[PDB]
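Protein chains in written order, with the authors' numbering: chain A, 73 to 210, 218 to 297; chain C, 1 to 239; chain C', 1 to 239; chain C'', 1 to 239. A prime marks a further copy of an entry chain. Reading through the structure tokens given below for one structure.
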Amino acid sequence: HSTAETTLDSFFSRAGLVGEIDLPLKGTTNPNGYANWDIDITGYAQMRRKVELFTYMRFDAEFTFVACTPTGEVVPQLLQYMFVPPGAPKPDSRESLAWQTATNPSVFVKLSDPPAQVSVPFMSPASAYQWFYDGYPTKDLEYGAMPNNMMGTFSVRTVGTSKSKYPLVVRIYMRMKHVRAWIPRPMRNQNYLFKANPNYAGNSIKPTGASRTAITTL
Amino acid sequence: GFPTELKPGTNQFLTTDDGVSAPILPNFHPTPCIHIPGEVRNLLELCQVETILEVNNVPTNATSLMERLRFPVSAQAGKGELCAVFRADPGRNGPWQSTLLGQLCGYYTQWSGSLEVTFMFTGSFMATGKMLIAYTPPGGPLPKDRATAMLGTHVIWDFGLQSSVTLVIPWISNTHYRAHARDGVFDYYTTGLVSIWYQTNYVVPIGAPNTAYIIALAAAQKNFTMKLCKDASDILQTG
Amino acid sequence: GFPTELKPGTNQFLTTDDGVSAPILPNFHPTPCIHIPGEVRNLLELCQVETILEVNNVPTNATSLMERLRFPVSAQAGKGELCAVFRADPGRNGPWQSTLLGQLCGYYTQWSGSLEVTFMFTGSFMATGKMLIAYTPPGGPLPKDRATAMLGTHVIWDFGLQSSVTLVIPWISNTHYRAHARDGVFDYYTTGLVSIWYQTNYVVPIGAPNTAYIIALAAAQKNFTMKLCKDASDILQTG
Amino acid sequence: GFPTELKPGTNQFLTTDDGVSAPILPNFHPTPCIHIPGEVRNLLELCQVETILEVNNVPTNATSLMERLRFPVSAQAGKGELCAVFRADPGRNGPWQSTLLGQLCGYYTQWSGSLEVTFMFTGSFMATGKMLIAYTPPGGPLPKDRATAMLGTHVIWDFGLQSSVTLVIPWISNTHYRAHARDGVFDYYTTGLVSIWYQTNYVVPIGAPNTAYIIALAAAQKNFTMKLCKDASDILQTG
Ligand code: NA
Ligand code: NA
Ligand code: NA
């Protein structure tokens with residue numbers, strides 16, 4: 073008789089893996105002991121199609137940082153997770169004064185301490201985030224870009240002046256909370272090609288679902 | 001201080017724990033919400049909205065995809081012929097896959113309730129005739145002929161008199177658990193069948209087309225529900 | 001003891017957590033506060049206080065810096081000439097940088113409200129004439145001439161009749177987000193423009209100077225607000 | 001924060017701690033319970049239900065196992081002969097092992113209360129005679145003969161008059177602790193004895209069988225109880 077599992081909050085609950093920061097010792101990848109992850113809810117594969125069932129959405133997010141080495145080993149390392157809110161300058165070096173700017177909330181935590189966790193509010197200057205924007209921000220390459228959807232950035236790094244003794248990995252999990260949505264729309268039925276637009280492979284336009292031999296044979 | 005004992009579970013991170021965490025920007029005041037028309041609060045609202053049922057899920061040719069949205073009835077057909085047939089299986093592969101209802105069932109594991117399918121005849125105004133739409137409950141097998149189909153639950157639809165007609169699937173329940181290959185699914189078995197038969201031949205006067213199409217719309221009834229969230233999709237965000 | 005489970009976030013140090021901590025000197029009794037005149041409780045108070053707007057932010061020569069605080073009007077100019085022009089952009093580089101309002105916007109990320117600019121004519125008492133001060137809303141482009149400027153929002157200012165006049169910028173909003181180079185800023189676009197034109201020529205009798213200066217004062221209105229603290233400055237404590 | 005001191009026991013996992021733990025599926029709503037007939041709420045209910053007492057726990061031959069469910073009385077026997085005998089020891093090896101009561105005692109360590117044993121004569125209707133059923137309290141030894149057995153607690157049962165008769169074991173208590181070999185058990189000693197004697201000979205007319213069987217049913221009374229759960233069994237789930 074109950075219907076709680078079909079509420080928007082239920083449909084969008086749970087903490088999913090949205091980001092993975094690699095901090096290798098030797099390597100081509102993130103060579104400066106730091107990394108800048110712009111917040112992307114699309115990080116969880118499955119999310120894009122789900123949020124896109126609606127046109128406008130509003131919500132908060134709880135971020136959880138699970139860090140360890142690539143073998144899942146736990147080591148005595150101090151880390152810094154800095155949230156640089158939209159409009160703020162991200163660090164460009166392991167020695168950027170941004171890491172020290174007070175207005176960028178930072179959490180300092182040990183890899184041994186349990187996962188760090190914080191809450192990020194609805195950041196948009198608009199009344200709601202919107203996955204679709206039929207327009208251009210004051218043929219073009221700016222079509223469909225709603226910028227007022229920036230949630231901020233998380234700058235990760237080991238603490239200290241000298242490189243860390245250990246190879247690390249920080250997994251970022253995000254739980255959406257206090258969800259509200261408007262204007263439902265048809266559910267994506269063609270594979271995605273680009274993060275920013277609805278472009279679809281015009282050669283490979285597949286039917287929404289499975290087919291059969293004849294309409295009279297089950 | 002105050003005496004405490006940490007209990008098992010201490011320090012764990014459960015992806016589904018819905019606790020509370022420290023606010024990053026305590027002084028920040030989010031822009032206020034205004035009123036936006038069309039808020040949805042429960043997916044079941046969408047489930048109750050009729051969408052096109054691709055009963056004719058046959059052509060795959062890219063330029064013929066639009067044909068899946070409608071099946072035909074024609075003069076050529078003789079009284080009694082089976083026109084089309086499909087099962088009431090929202091969550092499984094097939095025609096319902098085109099319906100928003102079928103798509104949403106894909107985000108859940110179990111479900112049940114009544115369904116509704118509306119058939120819209122889009123032939124000429126001058127065209128007339130009768131079709132027999134029949135529902136064969138689960139277990140029951142597709143009727144050998146019109147005659148026997150008539151003995152069961154059915155509707156004689158005169159598209160001369162009314163242009164639309166709605167059939168009600170009394171009940172479907174995707175609850176029986178299965179463990180086939182090595183992958184455990186929660187499948188129906190409650191496949192009731194909807195069969196459409198020509199009761200009369202398609203009648204038309206000179207100047208009217210000899211082929212018309214029927215569009216099928218479907219949705220779940222108000223007593224419909226879904227359980228166990230299950231994120232699954234082939235369409236995922238790209239690299 | 002009492003059953004407890006430590007939750008994620010345990011042991012973390014969040015620079016913005018405003019919890020409570022153990023007092024170092026529990027018995028110390030801080031000298032009491034007395035009444036000091038002029039307490040400020042909200043920066044917005046300062047934002048509403050008029051300060052000089054360096055409309056004439058042109059000379060950089062150290063000994064001419066004081067000239068930026070005032071722009072001139074002269075006999076030489078002919079009726080209709082454009083006198084000066086500036087945009088209503090408190091937070092961006094330019095004239096507002098001299099205003100305390102502009103400086104405070106620098107400690108925030110977003111803001112909006114009405115503004116106010118007061119123009120003070122400081123020429124001779126014997127001098128007379130008319131200036132047309134015009135506001136062109138955002139999007140609108142600087143008026144080709146006085147004539148067209150007159151078609152919009154404007155004030156005919158007779159510095160013969162009144163020595164000061166105040167213009168109201170109805171609304172500015174630095175909210176639209178941008179992501180240019182690789183540095184994401186939250187810029188205006190809501191640059192309304194204030195253009196000042198000579199309506200009449202500068203009239204003066206024998207013995208009165210042929211050049212006078214106007215001082216511009218500006219401030220935000222009461223409906224003004226700011227969001228998202230952002231510490232930023234080129235002027236920092238030295239080594 | 002709030003001052004706390006972790007106490008010993010912190011972080012331990014006690015298999016019998018009945019605390020509360022985080023729910024894996026917080027939104028899941030379990031299908032509702034409906035009414036099923038026959039709910040049991042306390043094992044003692046089952047303990048009070050009579051089951052067959054294998055007084056005749058002698059034959060082991062697979063095809064004779066059913067014979068343990070009943071003992072005989074026959075013409076051949078002479079007045080006074082001892083028919084059968086058994087002790088009131090629900091939890092120990094022997095006849096009670098067949099009873100559901102005995103089996104349940106096996107899941108506990110201590111117990112006490114009154115018992116009840118009903119004897120059902122299943123011979124011919126035409127058969128008649130008298131049996132003396134006697135209870136010898138704990139300590140007391142099996143009576144030398146019918147005569148002395150009669151001096152104690154007893155019932156003269158005329159299976160000519162009534163087909164069933166019930167004896168009540170006033171009290172058994174498996175509480176006295178023992179430490180024999182090196183394995184410490186909690187055994188009876190409260191073995192009261194039930195002896196059945198032929199009071200008269202088995203009387204029958206021509207055409208009636210000369211052997212009849214008695215079925216013994218037993219159960220605990222309402223004042224029965226059990227303590228200290230003890231999981232033990234030879235029958236365990238296989239590899
Ligand atoms: Na928490
Ligand atoms: Na503290
Ligand atoms: Na304790």
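Don't be surprised by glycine CBs; every beta carbon is placed ideally from N, CA and C.
Below-7 Å beta-carbon distance, residue i vs any chain C'' residue
i                     : result
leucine 44 of chain C : no
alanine 76 of chain A : yes
heavy atom of ligand 3 below 6 Å from residue i C-beta
i                    : result
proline 8 of chain C : no
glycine 1 of chain C : no
Neighbour flag for residue i against chain A, beta carbons, 7 Å
i                             : result
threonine 238 of chain C'     : no
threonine 109 of chain C'     : yes
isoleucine 196 of chain C     : no
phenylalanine 224 of chain C' : no
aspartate 145 of chain C'     : no
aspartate 89 of chain C'      : no
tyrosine 189 of chain C'      : yes
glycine 152 of chain C        : no
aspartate 231 of chain C'     : yes
Interface flag, residue i vs chain C, CB-CB below 7 Å
i                             : result
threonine 10 of chain C''     : yes
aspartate 234 of chain C'     : no
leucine 297 of chain A        : yes
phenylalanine 84 of chain A   : no
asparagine 176 of chain A     : no
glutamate 134 of chain A      : yes
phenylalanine 13 of chain C'' : yes
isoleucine 93 of chain A      : no
Residue i CB to nearest heavy atom of ligand 1 below 6 Å
i                        : result
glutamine 189 of chain A : yes
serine 21 of chain C     : yes
Under 9 Å by beta carbon: chain C residues contacting residue i
i                     : result
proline 3 of chain C' : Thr4, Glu5, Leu6, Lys7
Under 9 Å by beta carbon: chain C'' residues contacting residue i
i                       : result
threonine 16 of chain C : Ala22, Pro23, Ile24, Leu25, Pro26, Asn27
CB contact flag (residue i, residue j, <7 Å)
i                         : j                         : result
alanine 208 of chain C    : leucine 53 of chain C     : no
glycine 129 of chain C'   : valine 203 of chain C'    : yes
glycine 88 of chain A     : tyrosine 116 of chain A   : yes
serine 195 of chain C'    : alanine 149 of chain C'   : yes
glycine 113 of chain C    : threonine 15 of chain C   : no
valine 49 of chain C      : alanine 219 of chain C    : yes
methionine 255 of chain A : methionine 230 of chain A : no
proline 90 of chain C'    : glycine 78 of chain C'    : no
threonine 78 of chain A   : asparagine 42 of chain C  : yes
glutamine 149 of chain A  : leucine 95 of chain A     : no
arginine 70 of chain C    : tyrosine 198 of chain C   : no
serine 164 of chain C'    : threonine 118 of chain C' : yes
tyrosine 177 of chain C'  : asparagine 276 of chain A : no
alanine 84 of chain C     : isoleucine 294 of chain A : yes
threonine 190 of chain C  : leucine 6 of chain C''    : no
Cross-chain neighbours of residue i in chain C', by beta carbon under 7 Å
i                            : result
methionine 253 of chain A    : Under the 7 Å cutoff, chain C' gives no residues; its nearest Cβ is about 13 Å from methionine 253 of chain A.
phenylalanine 119 of chain C : Those within 7 Å of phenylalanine 119 of chain C in chain C' number zero; the least Cβ separation is about 49 Å.
Beta-carbon neighbours of residue i, restricted to chain C'' and to distances below 8 Å
i                     : result
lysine 227 of chain C : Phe28, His29
Proximal residues of chain C', C-beta to C-beta of residue i below 8 Å
i                         : result
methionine 229 of chain A : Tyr177, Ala179, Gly184
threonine 240 of chain A  : Chain C' residues near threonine 240 of chain A: none, gap ~17 Å exceeds 8 Å.
Contact test: residue i Cβ vs ligand 4 heavy atom, cutoff 6 Å
i                        : result
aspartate 185 of chain A : With respect to ligand 4, the structure shown offers nothing to examine, as its ligands consist of ligand 1, ligand 2 and ligand 3.
Amino acids of chain C, ordered along the chain, whose beta-carbon sits closer than 7 Å to that of residue i
i                       : result
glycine 19 of chain C'' : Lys7
Minimum Cβ-Cβ distance from residue i to chain C' less than 7 Å
i                        : result
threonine 237 of chain A : no
Curious, which full-length alpha helix (DSSP H) runs of at least 4 residues does the stretch 55-122 of chain C contain? 100-105
Every unbroken alpha helix (DSSP H) within the stretch 9-63 of chain C', with a cutoff of 4 residues, ordered by chain: 44-47
In chain order, each alpha helix (DSSP H) run of at least 4 residues that lies wholly inside the stretch 182-208 of chain A: none
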